[PDB]
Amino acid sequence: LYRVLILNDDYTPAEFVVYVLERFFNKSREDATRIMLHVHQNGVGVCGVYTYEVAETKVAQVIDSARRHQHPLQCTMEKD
């Protein structure tokens, strides 16, 4: 399986990161907030764990959403 990560940056609004986590990773508001804070403080955080193709899909959906909303948010994946 493969974990999907988001990386911190100084441009993407916190509220957008929460939105991404809720929408694309089905996080509750509190859990999304938790992960958003963790990424802000530590530079990176885990959004979910999926089979390879599904991880690729989620990474792509996040990047598509971010860029269309004019945010440079970086999303990537690693073997879990």
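In case it trips you up, residue 1 is the first one in the sequence shown, and so on.
- Sorting the modelled residues of the chain by their CA temperature factor places residue 76 in the middle third.
- Per the deposited record, the Cα B-factor of residue 35 falls in the lowest third when ranked against the other modelled residues of its chain.
- Per the deposited record, the Cα B-factor of residue 54 falls in the middle third when ranked against the other modelled residues of its chain.
- Among all modelled residues in this chain, the alpha-carbon of residue 28 has a temperature factor (C-alpha) in the lowest third.
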